[PDB]
Each structure stands twice: as structure tokens, then as C-alpha cells.
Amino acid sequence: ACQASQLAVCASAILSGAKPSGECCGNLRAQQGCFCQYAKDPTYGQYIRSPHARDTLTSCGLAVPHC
């Protein structure tokens, strides 16, 4: 299922713009199909939709979706 809480391993990058860890990027790579659903989360979606989250994808070499 797509639960935002799955992104905890990337929280520093999403919340602060920190360079993402390798483990973060590997988790993001696996979980790409959830990204537009994560972006709709009422609690965390504001962070998921942010520039820091987008920058995290790009730092990980992943496409930024058009949700």
C-alpha cells in the first residue's frame, strides 16, 4: 500500500533539502509508483509536494512526476 510513513528513511532530505542517503534513494526508486499518492496524503503531502522533495528526486536521479 502507499503510506507516506514509508518515506521516513528520506525525511531529512524531504524536510530540509539534505543530500539524500543512498538508502533513501534506493527506497525512493522502489516506491516511485506511490509518489502521486504520497503527494495526496493530508498529513504529509505539503512536504511531499515541496521543492525539497522534488530536489530529493532529482538528486537521486529519478524523474519528477507530473501528478
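The first residue of the sequence shown is number 1, and the count goes up from there.
Remark: stretch with higher mean C-alpha B factor among 2-10 and 56-64 is 2-10. Sort the modelled residues of the chain by CA B factor and residue 22 lands in the middle third. Placement of the Cα temperature factor of residue 30 within the chain: highest third of the modelled residues, per the deposited record.
Looking at the C-alpha B-factors along this chain, the one for residue 50 belongs to the lowest third.
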